[PDB]
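All remarks here apply to the structure that follows.
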Amino acid sequence: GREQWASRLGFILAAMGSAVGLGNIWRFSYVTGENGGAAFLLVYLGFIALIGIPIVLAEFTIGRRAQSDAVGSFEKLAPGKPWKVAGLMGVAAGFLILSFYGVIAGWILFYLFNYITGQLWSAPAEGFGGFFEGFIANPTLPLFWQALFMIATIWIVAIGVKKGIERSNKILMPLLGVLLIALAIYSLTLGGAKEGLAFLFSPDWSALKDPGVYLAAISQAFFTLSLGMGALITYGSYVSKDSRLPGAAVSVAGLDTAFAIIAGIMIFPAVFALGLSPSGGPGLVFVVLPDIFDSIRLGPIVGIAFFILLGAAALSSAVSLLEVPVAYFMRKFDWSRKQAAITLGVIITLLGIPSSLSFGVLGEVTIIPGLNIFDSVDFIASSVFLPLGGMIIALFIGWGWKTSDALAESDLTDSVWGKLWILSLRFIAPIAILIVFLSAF
Ligand SMILES: CCCCCCCCCO[C@@H]1O[C@H](CO)[C@@H](O)[C@H](O)[C@H]1O
Ligand SMILES: CCCCCCCCCO[C@@H]1O[C@H](CO)[C@@H](O)[C@H](O)[C@H]1O
Ligand SMILES: CCCCCCCCCO[C@@H]1O[C@H](CO)[C@@H](O)[C@H](O)[C@H]1O
Ligand SMILES: CCCCCCCCCO[C@@H]1O[C@H](CO)[C@@H](O)[C@H](O)[C@H]1O
Ligand SMILES: CCCCCCCCCO[C@@H]1O[C@H](CO)[C@@H](O)[C@H](O)[C@H]1O
Ligand SMILES: CCCCCCCCCO[C@@H]1O[C@H](CO)[C@@H](O)[C@H](O)[C@H]1O
Ligand SMILES: CCCCCCCCCO[C@@H]1O[C@H](CO)[C@@H](O)[C@H](O)[C@H]1O
Ligand SMILES: CCCCCCCCCO[C@@H]1O[C@H](CO)[C@@H](O)[C@H](O)[C@H]1O
Ligand SMILES: CC(C)[C@H](N)C(=O)O
Ligand code: NA
Ligand code: NA
């Protein structure tokens with residue numbers, strides 16, 4: 001006797017809460033900026049349409065049918081089969097992603113603290129770039145704020161699905177978009193819009209010759225949709241029978257893509273107006289936006305709101321990440337929810353400490369050749385486990401299910417979409433993923 005979404009539309013809300021977070025504004029902005037912009041944008045969008053939405057629906061189908069955890073969904077639906085390797089990577093990918101996800105979310109809480117104590121209202125003596133660099137170089141200051149965020153994440157997973165995950169404030173997410181739209185409009189007036197919008201919407205096709213622009217595009221697409229980290233199989237596993245999955249998948253992926261494109265329209269016109277380079281790294285939004293808030297008379301109020309709402313959004317995504325291992329360890333080892341929540345939460349926190357330290361004292365240490373600890377874990381998680389696990393998931397429903405079962409449990413029977421959906425999982429998605437791995441590696 002396990003959990004289910006109490007309210008009807010609690011599923012689409014929780015799935016949208018998982019998808020929308022730091023990946024849309026933080027990671028989308030610097031991965032776009034260091035990949036040329038528009039050409040990477042057209043590739044990232046095509047991957048969302050032809051691969052992302054089929055696998056989003058695929059993960060919902062596996063979860064609802066099996067009614068188990070990220071790994072248990074494969075033991076039940078296909079006993080004794082090696083398909084379950086897709087679920088182990090997702091649990092592994094959830095661990096790795098949440099370790100450094102909490103670091104970036106700690107930067108959010110630190111910036112929210114400085115606008116609340118009036119510290120960042122005016123520009124600091126060293127500039128917003130120098131001020132940000134001083135903070136992420138500090139060894140222990142970020143570990144405090146990352147631990148604070150993890151406590152909030154541990155608290156909400158421990159409370160439960162019905163009492164915590166489903167009980168999130170549902171007005172915070174529309175408010176973030178309303179604030180992103182208004183910051184998009186304002187930044188369009190800052191004078192770098194012609195250069196910023198050509199960067200984002202006028203393609204330089206030369207980038208299409210680098211096999212790294214596809215892997216980066218497929219990493220960002222899986223990352224931003226919470227694909228391949230066992231998150232959508234778990235949330236699907238709390239879903240009842242009379243649930244229309246296809247529209248939920250299109251609604252999850254469509255709303256998520258709107259946030260990224262509005263985040264891009266906000267950031268890159270602001271990047272060029274400030275004279276900076278769009279290849280500014282993970283601190284891109286963390287250096288651009290405090291400068292933008294300073295050019296507004298009521299910017300301090302804008303900054304408090306922007307970091308509360310984004311902070312609320314990062315919290316709901318991190319809650320969906322920790323629930324994947326939490327759900328797994330409850331079944332495998334009979335741990336209670338609170339037991340698994342604090343145990344795996346404290347652990348994942350300590351795994352993120354080396355990632356946090358790589359922006360400062362550990363800045364020189366490299367794991368993967370050419371990449372520090374943070375870039376190494378992000379590469380192993382985003383660029384290997386998510387597309388591979390995402391590829392095994394597609395092959396799983398494509399060649400491991402009776403067609404009638406797939407279309408039935410997906411609510412796509414006798415549909416032109418159901419024929420194109422099977423086409424995606426059987427051929428297009430696993431073929432294109434394998435091609436991107438081969439060219440890039
Ligand atoms: C028990 C409640 C405690 C809540 C936390 C209060 C944080 C107060 C921080 O204020 C800051 O302190 C600095 C010196 O300490 C000043 O230089 C700075 O100008 C000021 O903005
Ligand atoms: C619960 C909140 C915890 C906040 C902890 C912040 C730790 C910052 C310590 O300051 C550091 O002290 C050194 C002297 O030892 C200086 O040389 C160094 O310049 C300075 O960066
Ligand atoms: C409900 C959460 C409240 C907890 C507040 C924790 C305060 C952390 C204080 O650290 C200090 O913050 C200063 C900013 O003013 C920095 O200048 C300084 O380097 C750093 O040592
Ligand atoms: C980093 C450590 C911080 C983690 C905080 C975890 C708080 C867990 C609270 O959970 C709930 O507390 C109630 C107490 O009455 C129980 O009745 C209920 O069953 C339980 O679900
Ligand atoms: C709900 C949507 C809110 C959109 C907010 C857009 C605010 C943009 C204001 O820009 C400023 O406007 C002045 C004239 O209006 C100019 O003199 C000034 O140079 C310009 O920088
Ligand atoms: C809020 C939505 C804004 C949509 C912006 C899409 C238009 C991007 C076009 O970029 C460039 O604009 C320059 C302006 O002259 C042209 O010279 C150049 O040829 C063109 O490539
Ligand atoms: C959010 C809605 C945005 C709509 C998409 C805007 C399309 C911008 C078209 O740029 C075009 O790129 C070409 C390079 O291939 C140039 O040849 C051409 O001169 C230039 O105009
Ligand atoms: C919920 C809305 C969040 C976005 C708000 C957009 C900021 C509007 C900025 O307008 C004006 O721009 C001028 C810049 O020159 C300032 O001098 C002026 O004082 C400021 O008020
Ligand atoms: C769960 C998290 C990775 C979410 N997909 C994001 O875009 O931030
Ligand atoms: Na996202
Ligand atoms: Na979220």
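Naming scheme: A, B, ... for chains in displayed order of the structure tokens; residues 1 onward per chain; ligands 1 onward as shown.
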
Show me which residues are within 8 Å of ligand 7 counting only C-alpha atoms and all ligand atoms, and format the list as a short mmCIF file (atom, residue, chain, number, x, y, z; two decimals) with N, CA and C atoms, in the first residue's frame.
data_model
loop_
_atom_site.label_atom_id
_atom_site.label_comp_id
_atom_site.auth_asym_id
_atom_site.auth_seq_id
_atom_site.Cartn_x
_atom_site.Cartn_y
_atom_site.Cartn_z
N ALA A 198 20.34 38.52 -32.69
CA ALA A 198 21.03 37.84 -33.78
C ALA A 198 21.86 36.67 -33.25
N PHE A 201 19.00 34.00 -32.51
CA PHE A 201 18.07 33.58 -33.54
C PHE A 201 18.62 33.64 -34.97
N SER A 202 19.83 34.14 -35.18
CA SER A 202 20.41 34.13 -36.52
C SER A 202 21.50 33.07 -36.57
N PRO A 203 21.27 31.94 -37.23
CA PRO A 203 22.20 30.80 -37.10
C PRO A 203 23.49 31.00 -37.88
N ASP A 204 24.61 30.75 -37.21
CA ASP A 204 25.91 30.53 -37.86
C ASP A 204 26.04 29.02 -38.01
N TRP A 205 25.86 28.53 -39.24
CA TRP A 205 25.78 27.09 -39.47
C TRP A 205 27.11 26.37 -39.32
N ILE A 261 13.44 29.83 -23.62
CA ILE A 261 13.50 30.81 -24.70
C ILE A 261 13.30 32.22 -24.16
#

Using only C-alpha atoms and all ligand atoms, tabulate the residues of chain A lying at most 7 Å from any atom of ligand 5, each with its closest atom pair and that distance in Å to one decimal, by chain and increasing residue number, as CSV.
residue,atom,partner,partner_atom_place_in_ligand_line,distance
A:182,CA,ligand 5,2 (C),4.4
A:183,CA,ligand 5,4 (C),6.8
A:185,CA,ligand 5,4 (C),5.3
A:186,CA,ligand 5,6 (C),4.0
A:189,CA,ligand 5,10 (O),5.9
A:190,CA,ligand 5,21 (O),6.1

Residues near segment 381-387 of chain A, cut-off 6 Å, only C-alpha atoms, skip fewer than 5 positions along chain, as a short mmCIF file (atom, residue, chain, number, x, y, z; two decimals) with N, CA, C and O atoms, in the first residue's frame:
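Output saved as out-v1.cif:
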data_model
loop_
_atom_site.label_atom_id
_atom_site.label_comp_id
_atom_site.auth_asym_id
_atom_site.auth_seq_id
_atom_site.Cartn_x
_atom_site.Cartn_y
_atom_site.Cartn_z
N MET A 89 21.26 3.59 -13.95
CA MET A 89 21.94 4.82 -14.35
C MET A 89 21.14 6.05 -13.93
O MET A 89 21.72 7.03 -13.46
N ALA A 93 22.45 8.79 -11.99
CA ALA A 93 22.43 10.14 -12.55
C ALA A 93 21.72 11.11 -11.62
O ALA A 93 22.12 12.28 -11.52
N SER A 219 22.43 16.78 -24.26
CA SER A 219 22.57 16.82 -22.80
C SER A 219 21.61 17.83 -22.20
O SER A 219 20.90 17.52 -21.24
N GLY A 228 16.09 10.79 -18.05
CA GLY A 228 17.21 9.90 -17.83
C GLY A 228 17.79 9.89 -16.44
O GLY A 228 18.83 9.26 -16.22
#

So which bits of segment 297-392 of chain A end up helix (DSSP H, G or I) when you DSSP the backbone, as an MDAnalysis selection string?
chainID A and resid 299:333 337:357 373:392

Residues from last step as file, C-alpha atoms, as an mmCIF file, in the first residue's frame:
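selection26.cif, written as the output of this step:
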data_model
loop_
_atom_site.group_PDB
_atom_site.id
_atom_site.type_symbol
_atom_site.label_atom_id
_atom_site.label_comp_id
_atom_site.auth_asym_id
_atom_site.auth_seq_id
_atom_site.Cartn_x
_atom_site.Cartn_y
_atom_site.Cartn_z
ATOM 1 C CA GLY A 299 15.981 46.688 -8.775
ATOM 2 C CA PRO A 300 16.518 45.524 -5.172
ATOM 3 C CA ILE A 301 12.833 44.574 -5.033
ATOM 4 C CA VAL A 302 13.202 42.826 -8.400
ATOM 5 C CA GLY A 303 16.227 40.907 -7.124
ATOM 6 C CA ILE A 304 14.468 39.688 -3.981
ATOM 7 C CA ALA A 305 11.545 38.454 -6.067
ATOM 8 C CA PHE A 306 13.720 36.890 -8.764
ATOM 9 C CA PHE A 307 15.732 34.795 -6.322
ATOM 10 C CA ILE A 308 12.725 33.745 -4.237
ATOM 11 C CA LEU A 309 10.815 32.511 -7.288
ATOM 12 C CA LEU A 310 13.797 30.861 -8.983
ATOM 13 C CA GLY A 311 14.767 29.511 -5.569
ATOM 14 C CA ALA A 312 11.290 28.046 -5.172
ATOM 15 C CA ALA A 313 11.637 26.557 -8.660
ATOM 16 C CA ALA A 314 15.055 25.038 -7.941
ATOM 17 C CA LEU A 315 13.639 23.602 -4.711
ATOM 18 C CA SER A 316 10.843 21.750 -6.509
ATOM 19 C CA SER A 317 13.281 20.288 -9.046
ATOM 20 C CA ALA A 318 15.708 19.138 -6.349
ATOM 21 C CA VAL A 319 12.792 17.518 -4.503
ATOM 22 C CA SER A 320 12.022 15.424 -7.580
ATOM 23 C CA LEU A 321 15.690 14.441 -7.822
ATOM 24 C CA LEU A 322 16.010 13.223 -4.215
ATOM 25 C CA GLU A 323 12.714 11.308 -4.439
ATOM 26 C CA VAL A 324 14.203 8.910 -7.030
ATOM 27 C CA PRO A 325 16.837 7.388 -4.696
ATOM 28 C CA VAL A 326 14.483 7.807 -1.723
ATOM 29 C CA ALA A 327 11.825 5.726 -3.483
ATOM 30 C CA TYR A 328 14.447 3.146 -4.479
ATOM 31 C CA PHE A 329 16.000 2.685 -1.026
ATOM 32 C CA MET A 330 12.608 2.351 0.685
ATOM 33 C CA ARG A 331 11.792 -0.749 -1.374
ATOM 34 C CA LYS A 332 15.271 -2.277 -1.541
ATOM 35 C CA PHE A 333 16.207 -1.973 2.148
ATOM 36 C CA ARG A 337 10.718 7.583 4.062
ATOM 37 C CA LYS A 338 12.181 9.851 6.750
ATOM 38 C CA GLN A 339 15.046 7.386 7.218
ATOM 39 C CA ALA A 340 15.984 7.349 3.528
ATOM 40 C CA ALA A 341 15.397 11.099 3.191
ATOM 41 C CA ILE A 342 17.955 12.256 5.766
ATOM 42 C CA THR A 343 20.454 9.464 5.027
ATOM 43 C CA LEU A 344 20.599 9.967 1.260
ATOM 44 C CA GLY A 345 20.229 13.737 1.654
ATOM 45 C CA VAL A 346 23.239 14.121 3.932
ATOM 46 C CA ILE A 347 25.231 11.831 1.626
ATOM 47 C CA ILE A 348 24.416 13.652 -1.629
ATOM 48 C CA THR A 349 25.338 16.892 0.161
ATOM 49 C CA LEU A 350 28.847 15.617 0.920
ATOM 50 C CA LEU A 351 29.258 14.438 -2.684
ATOM 51 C CA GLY A 352 28.581 17.994 -3.858
ATOM 52 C CA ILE A 353 31.270 19.479 -1.611
ATOM 53 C CA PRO A 354 34.111 18.512 -4.017
ATOM 54 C CA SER A 355 32.072 20.005 -6.860
ATOM 55 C CA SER A 356 31.644 23.196 -4.828
ATOM 56 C CA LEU A 357 35.361 23.296 -3.993
ATOM 57 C CA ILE A 373 35.512 18.152 -10.684
ATOM 58 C CA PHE A 374 32.313 20.104 -11.379
ATOM 59 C CA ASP A 375 32.546 19.845 -15.172
ATOM 60 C CA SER A 376 33.543 16.177 -14.839
ATOM 61 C CA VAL A 377 30.508 15.163 -12.777
ATOM 62 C CA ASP A 378 28.253 17.262 -15.019
ATOM 63 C CA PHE A 379 29.702 15.501 -18.066
ATOM 64 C CA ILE A 380 29.330 11.991 -16.631
ATOM 65 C CA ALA A 381 25.783 12.748 -15.487
ATOM 66 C CA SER A 382 24.401 14.897 -18.316
ATOM 67 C CA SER A 383 26.368 13.707 -21.363
ATOM 68 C CA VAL A 384 26.631 9.943 -20.777
ATOM 69 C CA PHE A 385 24.069 8.565 -18.325
ATOM 70 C CA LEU A 386 21.098 10.669 -19.457
ATOM 71 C CA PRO A 387 21.275 9.952 -23.231
ATOM 72 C CA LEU A 388 22.323 6.317 -22.707
ATOM 73 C CA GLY A 389 19.627 5.632 -20.130
ATOM 74 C CA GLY A 390 17.334 7.661 -22.345
ATOM 75 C CA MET A 391 18.319 5.430 -25.267
ATOM 76 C CA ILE A 392 17.741 2.171 -23.375
#

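Excluding residue 412 of chain A itself and any same-chain residue fewer than 5 positions from it, the protein and nucleic acid residues within 10 Å of it, counting only C-alpha atoms, are residues 244, 245, 246, 404, 406, 407, 417, 418, 419 and 421 of chain A.
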
Save out the residues we just selected, N, CA, C and O atoms, as a PDB file, in the first residue's frame.
ATOM      1  N   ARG A 244      -4.517  10.940 -18.583  1.00  0.00           N
ATOM      2  CA  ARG A 244      -4.075  11.171 -19.953  1.00  0.00           C
ATOM      3  C   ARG A 244      -2.607  11.573 -19.925  1.00  0.00           C
ATOM      4  O   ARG A 244      -2.263  12.707 -19.585  1.00  0.00           O
ATOM      5  N   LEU A 245      -1.735  10.638 -20.285  1.00  0.00           N
ATOM      6  CA  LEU A 245      -0.292  10.856 -20.283  1.00  0.00           C
ATOM      7  C   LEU A 245       0.203  11.696 -21.462  1.00  0.00           C
ATOM      8  O   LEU A 245       1.058  12.568 -21.252  1.00  0.00           O
ATOM      9  N   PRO A 246      -0.276  11.481 -22.700  1.00  0.00           N
ATOM     10  CA  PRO A 246       0.321  12.216 -23.837  1.00  0.00           C
ATOM     11  C   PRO A 246       0.277  13.726 -23.696  1.00  0.00           C
ATOM     12  O   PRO A 246       1.303  14.390 -23.884  1.00  0.00           O
ATOM     13  N   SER A 404       0.551  -3.225 -28.934  1.00  0.00           N
ATOM     14  CA  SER A 404      -0.756  -2.939 -28.356  1.00  0.00           C
ATOM     15  C   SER A 404      -0.638  -2.519 -26.896  1.00  0.00           C
ATOM     16  O   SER A 404      -1.398  -1.664 -26.427  1.00  0.00           O
ATOM     17  N   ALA A 406       2.023  -0.925 -25.505  1.00  0.00           N
ATOM     18  CA  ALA A 406       2.591   0.418 -25.461  1.00  0.00           C
ATOM     19  C   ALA A 406       1.533   1.473 -25.758  1.00  0.00           C
ATOM     20  O   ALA A 406       1.376   2.439 -25.005  1.00  0.00           O
ATOM     21  N   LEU A 407       0.781   1.292 -26.845  1.00  0.00           N
ATOM     22  CA  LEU A 407      -0.216   2.287 -27.226  1.00  0.00           C
ATOM     23  C   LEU A 407      -1.350   2.359 -26.208  1.00  0.00           C
ATOM     24  O   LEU A 407      -1.887   3.443 -25.944  1.00  0.00           O
ATOM     25  N   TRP A 417      -0.542   9.947 -33.877  1.00  0.00           N
ATOM     26  CA  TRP A 417       0.560  10.215 -32.960  1.00  0.00           C
ATOM     27  C   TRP A 417       1.139   8.921 -32.403  1.00  0.00           C
ATOM     28  O   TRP A 417       2.356   8.811 -32.210  1.00  0.00           O
ATOM     29  N   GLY A 418       0.282   7.932 -32.136  1.00  0.00           N
ATOM     30  CA  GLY A 418       0.771   6.656 -31.642  1.00  0.00           C
ATOM     31  C   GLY A 418       1.660   5.938 -32.637  1.00  0.00           C
ATOM     32  O   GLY A 418       2.571   5.203 -32.246  1.00  0.00           O
ATOM     33  N   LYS A 419       1.411   6.141 -33.934  1.00  0.00           N
ATOM     34  CA  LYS A 419       2.277   5.561 -34.955  1.00  0.00           C
ATOM     35  C   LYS A 419       3.603   6.306 -35.035  1.00  0.00           C
ATOM     36  O   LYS A 419       4.660   5.685 -35.200  1.00  0.00           O
ATOM     37  N   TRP A 421       4.840   7.988 -32.493  1.00  0.00           N
ATOM     38  CA  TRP A 421       5.493   7.783 -31.204  1.00  0.00           C
ATOM     39  C   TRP A 421       6.307   6.495 -31.200  1.00  0.00           C
ATOM     40  O   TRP A 421       7.459   6.477 -30.746  1.00  0.00           O
TER      41      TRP A 421
END

Pick out the residues no farther than 6 Å from ligand 4, counting only C-alpha atoms and all ligand atoms, and list them as a PyMOL selection string.
chain A and resi 151+154-155+158-159+338+342

For the selection you just gave me, I'd like the residues written to a file as an mmCIF file, in the first residue's frame, keeping N, CA, C and O atoms.
data_model
loop_
_atom_site.group_PDB
_atom_site.id
_atom_site.type_symbol
_atom_site.label_atom_id
_atom_site.label_comp_id
_atom_site.auth_asym_id
_atom_site.auth_seq_id
_atom_site.Cartn_x
_atom_site.Cartn_y
_atom_site.Cartn_z
ATOM 1 N N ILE A 151 18.703 20.779 3.349
ATOM 2 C CA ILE A 151 17.790 20.553 4.468
ATOM 3 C C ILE A 151 16.350 20.767 4.020
ATOM 4 O O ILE A 151 15.462 19.957 4.310
ATOM 5 N N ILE A 154 15.514 17.835 1.853
ATOM 6 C CA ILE A 154 15.312 16.646 2.674
ATOM 7 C C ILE A 154 13.999 16.739 3.437
ATOM 8 O O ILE A 154 13.285 15.742 3.597
ATOM 9 N N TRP A 155 13.653 17.936 3.914
ATOM 10 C CA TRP A 155 12.434 18.080 4.700
ATOM 11 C C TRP A 155 11.201 17.727 3.879
ATOM 12 O O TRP A 155 10.281 17.073 4.378
ATOM 13 N N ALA A 158 10.895 13.957 2.940
ATOM 14 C CA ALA A 158 10.552 13.163 4.117
ATOM 15 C C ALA A 158 9.075 13.275 4.470
ATOM 16 O O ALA A 158 8.488 12.312 4.976
ATOM 17 N N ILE A 159 8.458 14.428 4.209
ATOM 18 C CA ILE A 159 7.059 14.614 4.580
ATOM 19 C C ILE A 159 6.161 13.693 3.758
ATOM 20 O O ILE A 159 5.188 13.134 4.276
ATOM 21 N N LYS A 338 11.337 8.921 6.007
ATOM 22 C CA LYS A 338 12.181 9.851 6.750
ATOM 23 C C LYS A 338 13.599 9.316 6.886
ATOM 24 O O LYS A 338 14.571 10.069 6.758
ATOM 25 N N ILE A 342 16.824 11.611 5.105
ATOM 26 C CA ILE A 342 17.955 12.256 5.766
ATOM 27 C C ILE A 342 19.263 11.537 5.455
ATOM 28 O O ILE A 342 20.318 12.175 5.361
#

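The environment of segment 266-280 of chain A within 7 Å, counting only C-alpha atoms and disregarding residues fewer than 6 places along the same chain, consists of residues 30, 33, 34, 183, 184, 187, 188, 190, 191, 192, 193, 195, 196, 197 and 288 of chain A.
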
Within 10 Å of residue 120 of chain A, counting only C-alpha atoms, which residues qualify if same-chain residues fewer than 4 places away don't, as a ChimeraX atom specification?
/A:111-116,124,128,131,290-291,293-294,299-300,303

Just the residues within 9 Å of segment 425-428 of chain A, please, counting only C-alpha atoms, with nothing from its chain fewer than 6 positions along; format it as a PyMOL selection string.
chain A and resi 50-51+54-55+58+391+393-399

Atom CA of residue 226 of chain A to atom CA of residue 423 of chain A, distance in Å rounded to a single decimal:
22.1 Å

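Each of A:239, A:367, A:143, A:408 was checked against residue 14 of chain A using only C-alpha atoms; the smallest atom-to-atom distance is that of A:239.
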
Counting only C-alpha atoms and all ligand atoms, which of A:434, A:16, A:136, A:156 gets nearest to ligand 9?
A:16

Grab me every residue within 7 Å of ligand 1, counting only C-alpha atoms and all ligand atoms, and send it over as a list in words.
residues 117, 118 and 119 of chain A
